[PDB]
Amino acid sequence: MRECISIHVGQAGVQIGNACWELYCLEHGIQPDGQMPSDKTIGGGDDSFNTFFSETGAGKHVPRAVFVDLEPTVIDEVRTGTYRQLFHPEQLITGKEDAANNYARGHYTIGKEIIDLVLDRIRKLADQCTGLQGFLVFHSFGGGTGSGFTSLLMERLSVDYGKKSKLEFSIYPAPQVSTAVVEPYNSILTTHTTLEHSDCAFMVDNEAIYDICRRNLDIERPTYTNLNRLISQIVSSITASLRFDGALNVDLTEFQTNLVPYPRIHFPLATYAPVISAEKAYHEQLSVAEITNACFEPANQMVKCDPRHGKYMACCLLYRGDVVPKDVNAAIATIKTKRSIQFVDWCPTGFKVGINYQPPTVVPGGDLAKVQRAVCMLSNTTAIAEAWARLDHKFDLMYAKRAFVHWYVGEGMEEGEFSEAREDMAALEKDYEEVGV
Amino acid sequence: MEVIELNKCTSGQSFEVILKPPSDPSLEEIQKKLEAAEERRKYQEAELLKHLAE
Amino acid sequence: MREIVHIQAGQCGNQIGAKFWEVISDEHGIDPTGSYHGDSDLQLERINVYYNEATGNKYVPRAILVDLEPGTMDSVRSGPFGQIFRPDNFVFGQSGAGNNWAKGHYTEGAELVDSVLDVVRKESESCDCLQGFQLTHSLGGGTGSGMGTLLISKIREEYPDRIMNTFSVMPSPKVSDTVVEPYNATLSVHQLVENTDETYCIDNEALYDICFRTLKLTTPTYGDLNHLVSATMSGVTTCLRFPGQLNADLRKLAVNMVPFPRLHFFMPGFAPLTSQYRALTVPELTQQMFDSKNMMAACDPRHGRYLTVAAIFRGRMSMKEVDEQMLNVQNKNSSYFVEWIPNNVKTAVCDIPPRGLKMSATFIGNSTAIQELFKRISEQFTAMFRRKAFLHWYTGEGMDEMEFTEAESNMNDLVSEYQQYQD
Amino acid sequence: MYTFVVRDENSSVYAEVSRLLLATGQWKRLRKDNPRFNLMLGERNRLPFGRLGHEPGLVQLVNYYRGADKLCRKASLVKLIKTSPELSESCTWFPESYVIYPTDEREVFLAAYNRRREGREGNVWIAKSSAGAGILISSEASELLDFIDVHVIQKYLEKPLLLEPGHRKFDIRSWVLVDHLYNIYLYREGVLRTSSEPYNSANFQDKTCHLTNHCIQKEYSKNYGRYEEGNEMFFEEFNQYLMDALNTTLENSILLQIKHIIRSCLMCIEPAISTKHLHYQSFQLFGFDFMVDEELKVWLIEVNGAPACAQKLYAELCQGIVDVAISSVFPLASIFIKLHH
Ligand SMILES: Nc1nc2c(ncn2[C@@H]2O[C@H](COP(=O)(O)OP(=O)(O)OP(=O)(O)O)[C@@H](O)[C@H]2O)c(=O)[nH]1
Ligand SMILES: Nc1ncnc2c1ncn2[C@@H]1O[C@H](COP(=O)(O)OP(=O)(O)CP(=O)(O)O)[C@@H](O)[C@H]1O
Ligand SMILES: Nc1nc2c(ncn2[C@@H]2O[C@H](COP(=O)(O)OP(=O)(O)O)[C@@H](O)[C@H]2O)c(=O)[nH]1
Ligand SMILES: [Ca+2]
Ligand SMILES: [Ca+2]
Ligand SMILES: [Ca+2]
Ligand SMILES: [Mg+2]
Ligand SMILES: [Mg+2]
Ligand SMILES: [Mg+2]
């Protein structure tokens with residue numbers, strides 16, 4: 001067993017992390033007070049769930065997580081929430097004033113003053129680890145802390161933990177819920193400085209989650225609570241292999257090996273099905289073939305794009321519930337004859353499949369209905385570069401006029417870092433086009 | 001359609017299906033950049049105070 | 001605990017500032033004696049942004065009242081909410097400023113500014129994390145204009161990393177007290193261009209036309225004008241006073257509204273404006289909110305382009321229908337929004353509506369059409385300055401004609417800067 | 001009111017469509033780089049499909065199918081027909097073609113060539129590509145490969161149907177409109193682009209009688225406009241000719257094969273280009289070009305992704321584009337034959 005440390009940065013990361021750990025506890029049978037009746041090894045052990053939970057002599061299971069935000073209002077909700085007892089104060093780090101949606105303010109001005117403290121609180125959790133695998137970093141692209149401070153943290157983690165893996169869960173900005181005009185700036189700035197320090201990053205576009213909530217859950221105006229409960233389901237399906245017995249994606253290193261043959265192209269596309277509304281008594285349970293076929297519908301992807309007009313480098317299928325390999329292969333065979341699925345020539349045309357018999361757990365009283373079987377597809381397709389194109393275009397529109405640039409220069413950032421970051425994205429879009437067209 | 005490396009356990013199983021075969025900066029360098037940014041802030045603030053002093 | 005320090009200076013500044021505290025005090029359930037009597041916890045969740053909590057659970061506005069004459073401030077202390085202000089925060093002289101920017105900025109005002117800063121420092125010291133300052137004042141007088149901009153310059157020197165926000169009332173010959181108002185306004189605007197991050201341009205001409213044309217008030221008074229300002233100030237500060245995601249503090253507001261440092265002069269708007277029991281639909285709020293007749297700066301938005309826009313809807317309404325109508329406005333009139341700032345229109349919704357209204361909407365626009373306001377002031381300035389008329393009032397206080405020439409040039413530069421982004 | 005943008009100024013078809021949309025009083029044209037549009041008349045090259053369908057509150061429609069280039073390119077079409085089981089290598093309405101690079105099919109092309117040579121069968125082939133105005137028609141294989149030094153070599157139809165009087169060659173242009181629901185609409189009006197020179201099967205060097213291009217006939221042909229105005233014969237005259245001469249109709253002898261060919265090509269790529277469940281919608285106007293041999297068998301020549309219309313038909317067709325493709329998605333306040341499938 002090897003431990004994994006979760007780091008939640010900014011409002012988006014903290015609120016998403018709070019939703020995930022709530023779901024983790026429900027899946028592992030951990031109660032709000034940290035007690036786990038099914039755990040018979042009191043005060044220790046090297047079970048699969050221990051990769052995310054440590055144990056005290058009193059039997060409390062404490063998440064291996066750190067919450068960081070430059071403003072206390074969001075983390076204070078964790079201090080007084082339903083799962084307040086899970087965490088101890090050393091895990092929650094808050095400042096006095098935030099980064100004001102300013103990457104430079106979160107990275108340089110405020111980041112320089114709090115970075116050493118965060119590393120210290122992380123070093124404490126690492127000291128509890130007998131064989132630390134690495135870190136899962138949750139954050140937004142558009143926020144000043146999620147973008148600015150995260151990149152500084154990722155840089156320092158590569159220094160203090162050179163051999164550890166680092167995976168991201170990143171929130172792509174969507175105007176329908178976005179709160180700042182400069183989020184394209186912060187997105188491209190944080191992606192530039194973080195690119196070399198992240199081994200695998202799962203981008204979630206709020207636009208996609210927003211419409212999935214409106215269309216499949218019948219939410220007229222989805223809130224962050226609606227969005228985060230759905231996101232935590234996706235994240236749970238991705239991390240389930242680290243927390244349960246199995247043989248696929250059993251450690252962080254395997255994520256890169258199975259999904260990232262090219263290091264810079266490390267943004268796998270996530271597709272989840274089925275998303276059923278709990279406001280209907282009965283719904284016809286979807287088969288393995290129907291939920292697997294849904295993994296190739298753009299309407300179910302975490303990022304709206306068209307994989308038909310790209311190429312696959314890898315594809316994993318993560319099933320949860322009543323699923324046997326026989327039905328998976330039969331479903332895949334049918335889908336190949338009907339779907340446009342092109343792989344790169346230097347890659348094998350195949351699917352790595354993982355099945356966990358325990359069906360998905362749903363938050364009691366939430367919006368998602370319990371289902372007999374669900375699947376999350378992790379496919380590394382060049383089509384996800386469409387999200388980079390949209391982001392780079394908006395960047396170009398504002399930066400051509402130098403709009404809002406003075407806010408960043410005023411924090412000590414040089415104007416050259418803008419073009420330097422934009423040129424890196426230009427090479428990134430070029431890599432995707434070379435690989436997929 | 002080849003099915004390989006089937007692993008079964010009490011809580012599930014995993015396998016692979018092949019449809020077709022194929023055809024950092026140092027801790028010192030980071031500190032300098034953070035300090036360089038802080039120096040540009042101090043310089044800009046000193047200019048403001050100088051301007052206000054006039 | 002992101003505290004704001006409020007300052008009101010001069011006759012206009014104190015009369016409008018007093019109405020502002022009367023209005024928001026009612027919204028937060030605070031009575032004249034500072035006692036809370038509300039039925040919602042939202043009233044108190046962010047009460048500390050504008051109020052200090054004293055002994056006995058009293059809430060004391062974090063406000064400083066400044067004036068070179070005692071008259072107007074005596075009326076405030078004797079007003080409806082006069083007792084709610086901290087007595088030590090009344091800082092005033094006896095000479096007055098005679099509607100003279102030089103007196104407020106260089107002579108009479110300089111003698112009193114240090115005592116004001118002492119009170120500001122006392123308030124700031126007891127702030128967990130000071131956001132910044134908001135100043136209410138007019139630009140056509142002497143105290144609010146001349147001494148107000150002097151205070152701003154010295155507040156920036158002592159708090160250079162804090163946000164400065166002002167509600168600045170622009171003079172108009174239609175609602176004028178003296179002929180030198182264009183002089184005082186021109187000298188002040190350059191101070192604002194340099195030393196504020198956000199300025200709501202409240203045009204007395206617009207306030208008059210709205211009271212006369214729309215509200216059907218034949219003989220508008222200053223009190224009538226201040227009714228519109230109170231409602232607008234309450235609207236533009238809703239995101240600061242109640243829980244929310246968008247523009248929740250002064251610095252994030254500036255980041256969303258100011259793409260270029262000098263272009264930070266906003267056109268506020270309010271809806272509805274009824275001359276009154278009829279229910280208002282979300283489509284009606286949106287169209288009225290964007291209608292120039294609801295603008296407070298007397299500028300035609302269709303004569304320029306919107307750099308950024310902040311919209312705040314108050315009351316229990318269809319949030320889905322709000323997004324639809326907001327998207328409808330931008331999609332139908334997209335030509336008036338600069339295309340090089342994607343998604344420059346941000347919308348916020350607050351459940352608590354203003355007093356006497358089921359729902360309302362406040363508009364905050366950074367439009368290049370605001371140059372029409374500065375051109376108007378610039379024309380009135382030159383008409384007199386070309387003959388050096390009325391300058392002796394200012395040279396008598398030590399000022400030189402060169403300082404007027406430089407203020408004139410600075411104003412014309414600001415107009416040219418707006419013009420380059422309008423093409 | 002609906003909004004649209006124009007990003008291809010050289011499109012005569014959509015220049016007319018834009019002119020029609022404005023005249024309805026219900027459509028407004030924005031700047032070409034304004035993202036808040038309902039409809040995009042996109043550019044021919046590098047149309048940014050990835051930026052469509054990300055505008056809240058706007059149903060967005062584009063006039064091009066992403067991925068339809070596979071059908072509208074010389075080499076792409078050949079590869080698509082040979083490799084797609086729906087069309088298959090045994091396809092009977094597409095001339096025997098081979099992809100030749102200056103993978104490659106040089107050795108397979110020569111293998112079939114030699115078979116025809118020994119069998120005394122006609123061995124005339126044509127080499128062309130997507131970079132033409134330039135073509136070469138030769139009976140010796142060695143001449144074809146030397147000329148190329150991406151191109152496609154396909155069997156030149158040595159026995160075309162010849163219109164009389166004139167003993168001349170022609171090709172049939174069909175306009176097909178596919179809407180957002182993937183309904184295939186065939187414009188009832190076609191055009192025969194005829195050659196004004198008598199077909200001379202002796203010397204293929206004089207291309208004035210072998211190439212039916214409107215431009216070639218208007219510059220290199222001595223009899224341009226002699227038999228029909230602009231070397232363009234419409235279906236009414238052509239149908240009457242088939243009745244008076246061949247004792248048949250255009251519908252039975254030719255149009256059935258054309259409709260069949262249009263269905264097969266478009267249905268083949270439907271899974272790859274359909275925008276049924278996509279965040280944006282697409283429609284597209286296609287230009288199918290056919291050849292008819294003396295046996296009254298129809299052969300597909302190529303498919304145009306950005307075709308131009310005939311002068312006499314711009315009004316009717318462009319108005320049809322608005323009714324079927326645009327108004328169906330954005331209703332306001334049949335000249336097509338629906339090919340069911
Ligand atoms: N899915 C999801 N997105 C969120 C959530 N909270 C904020 N966001 C998104 O994050 C972006 C803003 O960044 P934040 O995380 O809120 O800002 P921050 O990281 O706290 O940094 P600051 O500027 O200092 O406040 C916007 O695009 C929001 O839509 C959340 O709870 N769930
Ligand atoms: N295999 C073949 N057999 C007989 N004739 C052929 C032929 N291929 C081409 N032609 C003749 O050559 C002409 C030009 O062919 P092609 O369509 O490839 O060129 P093009 O793409 O430049 C014109 P367009 O874009 O309008 O179709 C055709 O109209 C046809 O008359
Ligand atoms: N809206 C409004 N404007 C005022 C009020 N009082 C004065 N003004 C305007 O302010 C200018 C006069 O400035 P004033 O505040 O009286 O001078 P000061 O006391 O020296 O700062 C003129 O343009 C007046 O029109 C008021 O109560 N409301
Ligand atoms: Ca244990
Ligand atoms: Ca590394
Ligand atoms: Ca004195
Ligand atoms: Mg924050
Ligand atoms: Mg006065
Ligand atoms: Mg062609």
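Below, chains carry the letters A, B, ... as their sequence lines are ordered, and counting in each starts from 1.
- Looking only at side-chain heavy atoms (C-beta outward), C:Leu373 and C:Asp203 come within less than 4.5 Å of each other.
- Applying the side chain to side chain contact (heavy atoms under 4.5 Å, CB included) criterion to A:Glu414, with sequence neighbours excluded, gives B:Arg40.
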Could you go through residues 42-54 of chain B and list every donor-acceptor pair under 3.5 Å that involves a side-chain atom there, pairing it with any protein atom two or more places apart or in another chain?
none

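- Inter-residue side-chain proximity for C:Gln131 and C:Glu3 is flagged as unmet; no heavy-atom pair is nearer than 4.5 Å.
- Within a 6.0 Å radius of CD in C:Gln422, other residues, nucleotides and ligands contribute more than 12 heavy atoms.
- In summary, of the residues considered (C:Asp224, C:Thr219, C:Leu225, C:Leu217), a side chain to side chain contact (heavy atoms under 4.5 Å, CB included) with C:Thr221 occurs for C:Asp224 alone.
- With sequence neighbours excluded, the residues satisfying salt bridge (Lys or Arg N to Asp or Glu O under 4.0 Å) with C:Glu205 are C:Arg376.
- Taking 4.5 Å as the limit, every side-chain heavy atom of C:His264 sits out of range of all side-chain heavy atoms of C:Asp197.
- Scanning for salt bridge (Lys or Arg N to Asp or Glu O under 4.0 Å) contacts around A:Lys96 gives C:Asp128, with sequence neighbours left out.
- The salt bridge (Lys or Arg N to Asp or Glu O under 4.0 Å) search around C:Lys293 returns C:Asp291, not counting sequence neighbours.
- In C:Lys346, the NZ atom is crowded: over 12 heavy atoms of neighbouring residues, nucleotides or ligands sit closer than 6.0 Å.
- C:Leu215 places a side-chain heavy atom less than 4.5 Å from the side chain of C:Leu228.
- Residues passing the salt bridge (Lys or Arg N to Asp or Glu O under 4.0 Å) test with C:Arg156, sequence neighbours excluded: none.
- Residues C:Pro61 and C:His6 are not in side-chain contact: their nearest non-hydrogen atoms beyond the backbone lie 4.5 Å or more apart.
- C:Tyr183 is listed as a side-chain neighbour of C:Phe385, based on a closest heavy-atom distance under 4.5 Å.
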